[PDB]
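What follows is a short report on a single structure.
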Amino acid sequence: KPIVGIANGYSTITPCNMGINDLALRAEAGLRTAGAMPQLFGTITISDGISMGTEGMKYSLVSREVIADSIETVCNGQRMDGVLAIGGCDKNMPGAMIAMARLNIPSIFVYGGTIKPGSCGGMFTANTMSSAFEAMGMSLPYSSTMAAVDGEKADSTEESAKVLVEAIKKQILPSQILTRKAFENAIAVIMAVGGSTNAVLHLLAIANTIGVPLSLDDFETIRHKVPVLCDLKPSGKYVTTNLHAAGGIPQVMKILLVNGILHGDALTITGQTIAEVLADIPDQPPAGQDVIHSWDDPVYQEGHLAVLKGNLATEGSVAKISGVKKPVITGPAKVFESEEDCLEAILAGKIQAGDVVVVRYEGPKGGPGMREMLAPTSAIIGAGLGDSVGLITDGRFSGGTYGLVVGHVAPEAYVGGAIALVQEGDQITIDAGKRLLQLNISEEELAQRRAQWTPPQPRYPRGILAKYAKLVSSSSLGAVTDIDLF
């Protein structure tokens, strides 16, 4: 008599999560007929209620940690034999996967599904992560690109429940599926579909949670070996429903397998390996569609998620180099200690062509919460400066500019990264061709500035933001909150 949890994602009623509840009954149905006793339970979410530009956004990554905590607390508390998480299209559903890695009890992830023709039609965070989850064998094939309102998604939910019951009887564990090879498989797929830069953070967090080595260097290494195969929004032309119709993630994965990238011997939740699961998929995408390009006529010849390093980011940083015409700039620094201070200066006309705008103390501890910042890139585009200024931050930017936009600068300013030592007027070089992010001062003036730097006082001495800032690690570790505590 297995006791199986159903972690029902998106349990914050709003007109946007009607469908997710329809799948929970299907999962509970499939669990009972497969011989399990389901225990349904809900987890929080804040996507579509969060106000972009204010501090609500600082709670977004925080809610990823709260979701992981809830599932781990319930599943351990209820001594469950397995758990099925239904993640809706919310930016913090990677929290369920972090919990599965922590629990290491048999698990399967059911994506709530995509919407048909905004943020859940293109390859933003949720769709990138759900596809990544399928690429790692934690979701059934085709399941990550099904539409939410479609019947095959309900059928896939029941089937996931059945497979999970088999996985409990066979003890197929997350630690056996979420291997280094599965993560390498997920990075390749994320490059091949033009996925979100947020997936870098979430994949690092899952790997550092389960105990397999993964670093930003591995993203950059795989980036050069894997072309962008899919022409997908936001950067590209099609939406997830077109990708699904053209063969979905299995077709993408099979192209990567036959062309030497994918690890075919990695295991999936059904007990079959990747190569076995893809055995009947054609080696090339169908004719008559250009959603999925062929290996020899890709959308781009290498991946789009570049890692820049240098004295300004000794641990690394992430820049999407997709629609960037000139991927180099050297300019004078304009520095801000918050998103607000930066937006204020842009609107006041204080940023000119040629500037390198630095938004610091927005990192995991500095924010706290490493919030996504949309206002700075949008305001830069409105000022007509998109193609003539660079943007760097220890936080995250959403939206592009047609210029160089760099996030995840690590070490962050709060812990004394060199980004905290930038002074107004310093020259900064952002050079994608050199994969270089550099502060153009002497090594010894940098050390003399470092000797005078003093740690700031926390913005929030108490509350959950304080608890988060106290525990959270660097973004180059995925901003996990449970490592190196003792």
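Residue numbering in chain A adheres to Swiss-Prot, whereby the residues present occupy positions 35-151, 193-561 in order.
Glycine is no exception: its Cβ is also placed from the backbone N, Cα and C atoms.
Per Swiss-Prot, the [2Fe-2S] cluster site holds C50, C123; the candidate it also names there, chosen from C195, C305, is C195. When the candidates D82, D416, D501 are compared with the Mg(2+) site entry in Swiss-Prot, which names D124, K125, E447, the shared residue is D82. Taking the Cβ of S473 (active site, proton acceptor) as reference, residues of its chain lying under 8 Å away and at least six apart in sequence are, in sequence order, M86, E447, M448, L449, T452. Separating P151 and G193 are 41 residues for which the deposited structure gives no model; the Cα atoms of the pair are 8 angstrom apart. Between the alpha carbons (Cα) of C123 ([2Fe-2S] cluster binding site) and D82 (Mg(2+) binding site) lies a span of roughly 10 Å. Other residues of the chain with a Cβ within 8 Å of the Cβ centroid of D82, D124, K125, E447, the Mg(2+) site, are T79, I80, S81, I84, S94, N126, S194, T200, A201. One way to see the shell of the [2Fe-2S] cluster site is to take the Cβ centroid of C50, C123, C195; the remaining same-chain residues with a Cβ within 8 Å of it are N51, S81, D82, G122, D124, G146, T148, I149, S194, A201, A223. For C50 ([2Fe-2S] cluster binding site), applying a Cβ distance below 8 Å and a minimum sequence separation of six or more within one chain yields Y44, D82.
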